[PDB]
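Here the structure comes first, spelled out in structure tokens, and everything after it is commentary.
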Amino acid sequence: XXXXXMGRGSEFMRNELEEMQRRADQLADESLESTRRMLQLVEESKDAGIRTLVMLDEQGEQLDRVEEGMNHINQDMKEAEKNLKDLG
Amino acid sequence: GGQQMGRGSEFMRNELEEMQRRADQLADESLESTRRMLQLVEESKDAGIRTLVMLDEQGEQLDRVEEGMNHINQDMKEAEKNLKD
Amino acid sequence: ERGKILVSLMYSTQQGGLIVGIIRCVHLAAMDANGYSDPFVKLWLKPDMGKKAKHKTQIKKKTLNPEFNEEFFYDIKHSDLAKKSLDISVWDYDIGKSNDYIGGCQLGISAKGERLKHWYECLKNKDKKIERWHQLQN
Amino acid sequence: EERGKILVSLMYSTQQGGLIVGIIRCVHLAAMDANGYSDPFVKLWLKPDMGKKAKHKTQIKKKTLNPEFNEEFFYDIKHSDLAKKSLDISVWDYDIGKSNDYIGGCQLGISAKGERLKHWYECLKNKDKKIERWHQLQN
Amino acid sequence: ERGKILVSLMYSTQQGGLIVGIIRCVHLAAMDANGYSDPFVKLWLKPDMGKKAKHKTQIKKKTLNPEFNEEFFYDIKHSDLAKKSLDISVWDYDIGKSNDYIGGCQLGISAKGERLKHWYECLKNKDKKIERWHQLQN
Amino acid sequence: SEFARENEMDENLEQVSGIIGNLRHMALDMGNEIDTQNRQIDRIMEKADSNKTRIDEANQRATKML
Amino acid sequence: XXXXXXXXXXXXXXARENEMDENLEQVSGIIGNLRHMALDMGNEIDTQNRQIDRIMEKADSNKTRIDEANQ
Ligand SMILES: [Ca+2]
Ligand SMILES: [Ca+2]
Ligand SMILES: [Ca+2]
Ligand SMILES: [Ca+2]
Ligand SMILES: [Ca+2]
Ligand SMILES: [Ca+2]
């Protein structure tokens, strides 16, 4: 006598059991694919964010030239009026 | 009864020659200033448009992830409901 | 003696691609002894993949201000359009010898000035024709 | 694996005002000859199109599947204007009697993806810094 | 001998240029047979003053103290007047022959002494009339 | 005489003060795009962590037949 | 062996779920980097946004010095 803890197995008839063995792989394969599909989506958004950082740093370093250019021009215009009043 | 002109001959030629140059050097710098301001502000506008591209083409990638996350919730729930018996 | 060219761009959602329209050119550079030229416009999109992405207009005869008024199509998604550039070339068609190079203009994200602003206003305004002029260079 | 990898070193020197591309060595390259080895040489292409001086090539190594170049190249460009550009690194097998055999390639730039894009990113962030990393040839 | 001339120079700001003033000559050189002369002053701006820089005074009759009292204007900026040089010449008008050269004077940077002092004090003192006596010679 | 090249100065200054205003607009609208995406990432992780729990609470199985 | 009393045995398989834990670990990690960039992208904009206002002052100061010089 045995006592287990679905329970069947005596005479050969309708299976109804291979499904619960196949339907488990379907949920397992769709779970691995789900983990694979999420990894592809977030990795592509990571690279897309990197391609945006190189553009922000491009515009940032270009804004430094615009600010430094306004200072260089401001000094040059001051040297223009400074040398005009003393030498003339 | 002070004094006659001493070292004033060559001094005057320096005050007049520089007045010719210093008056036109200021006008030439005013022309170079507007050109240098253009070559910097315009180039910064181009960098802002290239950034607006990569940024707006990133929002569509986040939309592909969010809509891709919900597409996975369907296939996960469809696999759980199908796995009953 | 470089000239301009009128280019019209639009992304058709119904057709599913880019509509490049070559209207006309103004004050083109002469490349024939008769003071005129036989101009036609070539089109070549940036080939991120390997396929035929070429388009050519018809050949006008003896004119420096042609009037093509033609349109061309490229079946590319709107998402994959920012990563490409359009190369517009104007040539003087010769019968015997090889054709001469008159002008050229590239439109893309790597462009500059109006050559970039024209390509950007199409990525932001879909199903709307954007026609602007561009100066031909070497 | 498969076609091998290449050791590339990128650096932007502000004192020179240009990118310093360095091809050090390659490992496990694909044998494209009948003797079991290959004659590798690295060709560098940093331009989208009409380039006057943008085609750099290393010296051709003799009958080797693991070459060692230890070379450096210089591309003249504006102060950090390599965002719009993308460096294409190709490995070829030199054939005297016919066309050269293509071994593998590499793409470094904003158009790249994964390890190739990150190598191009860290080169533009830290100036006057030598950054080197391995990259798998082709896909 | 050879004569002395009284010249008044002034740069007008509201009018925009130099106001040259030929006033009076004293003891000019005799260049005729009757012992006198028919003088007239011809001032010239030689530093590349392109279109019409040769102003001439009216011809006086047989005289020994010619009082011209004529003023002339030169539309030029104060900046570019420093590199200038005014050549003031005096001639004797003859009937049916060429004019005899009585005297001459030069005012500008190339000058020296009283001639350079006159050209200097006018550019330094704007809106002020500066008149001095200069000696004529070959 | 030919000082018509002075009009280029006022034409550049008109564009300088104008493009700078476009830089002000591009930078402000650029921040609005990132602030919208930043609140979108916080919405993606909630749907991503929900997928993780729906997998762990499903990939635990001992109902196999030997 | 045979008919003893109270025993057991190891099937005897001398899986593919270590990936699921590895992928979800890499997924949840990169999402942390997505916030890292998005926050650092906003800090850079605010830096550049204040930088534009600082340029507009110097851009108008150069304009006034040009107008007060070219008359
Ligand atoms: Ca021809
Ligand atoms: Ca022809
Ligand atoms: Ca071979
Ligand atoms: Ca070979
Ligand atoms: Ca006489
Ligand atoms: Ca006479």
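Chains as they are written, first to last, in the authors' numbering: chain F, -17 to -13, 0 to 82; chain D, -4 to 80; chain A, 540 to 677; chain B, 539 to 677; chain C, 540 to 677; chain E, 138 to 203; chain G, 108 to 121, 141 to 197.
Ideal Cβ placement from N, Cα and C applies to all residues, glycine included.
Going by beta-carbon coordinates alone, are residue i and residue j separated by less than 8 angstroms?
i	j	result
A/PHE579	A/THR596	yes
D/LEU57	F/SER39	yes
B/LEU567	B/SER576	yes
F/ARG45	B/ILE615	no
D/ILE67	F/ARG2	no
C/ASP631	C/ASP571	yes
F/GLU62	G/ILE181	no
F/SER25	E/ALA199	no
A/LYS622	A/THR552	no
G/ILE171	E/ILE171	yes
G/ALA185	E/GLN174	no
C/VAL546	C/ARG671	yes
F/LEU78	D/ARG17	yes
C/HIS657	C/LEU548	yes
residue 685 of chain B	B/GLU610	In the structure as shown, chain B begins at 539 and stops at 677. Residue 685 of chain B is therefore absent and cannot be evaluated.
B/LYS590	F/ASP41	no
F/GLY82	D/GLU12	no
Please confirm if residue i has its CB atom under 8 angstroms from at least one CB of chain E.
i	result
F/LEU21	yes
G/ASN175	yes
F/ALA42	no
D/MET49	no
D/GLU38	no
Just confirm the distance between the C-beta atoms of residue i and residue j, as a whole number of angstroms; I'd bet it's less than 8 angstroms.
i	j	result
D/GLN20	F/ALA74	6 angstroms
B/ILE562	B/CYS644	Between B/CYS644 and B/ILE562 the Cβ distance is about 13 angstroms, and since that is not below 8 angstroms, they are no contact.
B/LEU620	B/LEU557	6 angstroms
B/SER618	B/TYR550	7 angstroms
A/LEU603	A/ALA569	6 angstroms
G/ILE192	D/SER28	6 angstroms
A/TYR659	D/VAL36	A/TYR659 to D/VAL36, Cβ: 17 angstroms. No contact.
B/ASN573	B/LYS593	So it is not a contact: roughly 29 angstroms between Cβ atoms.
E/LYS189	G/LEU160	E/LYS189 to G/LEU160, Cβ: 16 angstroms. No contact.
May I ask you to check if the CB of residue i is nearer than 7 angstroms to at least one heavy atom of ligand 7?
i	result
B/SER576	With respect to ligand 7, the structure offers nothing, as its ligand set consists of ligand 1, ligand 2, ligand 3, ligand 4, ligand 5 and ligand 6.
Of all the CB atoms in chain G, is at least one closer than 8 angstroms to the CB of residue i?
i	result
D/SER25	yes
E/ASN149	no
E/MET167	yes
D/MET32	yes
D/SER4	no
Any beta-carbon of chain D closer than 8 angstroms to the one on residue i?
i	result
E/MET163	yes
E/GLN197	no
G/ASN159	no
F/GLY1	no
G/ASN144	no
C/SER628	no
E/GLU139	no
G/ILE156	no
F/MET14	yes
According to DSSP, residue i sits in a beta bridge with which residue or residues?
i	result
B/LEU584	B/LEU625
A/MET549	A/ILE558
A/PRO578	A/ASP631
C/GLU670	C/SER547
C/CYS661	C/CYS661 pairs with nothing; no bridge assigned.
B/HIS594	B/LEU582
B/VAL565	B/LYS543
D/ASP23	The partner list for D/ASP23 (beta bridge, DSSP) is empty, contrary to what the question assumes.
A/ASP639	A/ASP631
B/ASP614	B/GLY556
Taking 8 angstroms as the CB-CB cut-off, is residue i touching chain A?
i	result
D/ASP80	no
D/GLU55	yes
D/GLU10	no
Taking only beta-carbon positions, decide if residue i is within less than 8 angstroms of chain B.
i	result
A/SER649	yes
F/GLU52	yes
Just checking: is the beta-carbon of residue i within a distance shorter than 8 angstroms of some beta-carbon in chain F?
i	result
B/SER624	no
G/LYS184	yes
B/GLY652	yes
D/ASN65	no
B/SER637	no
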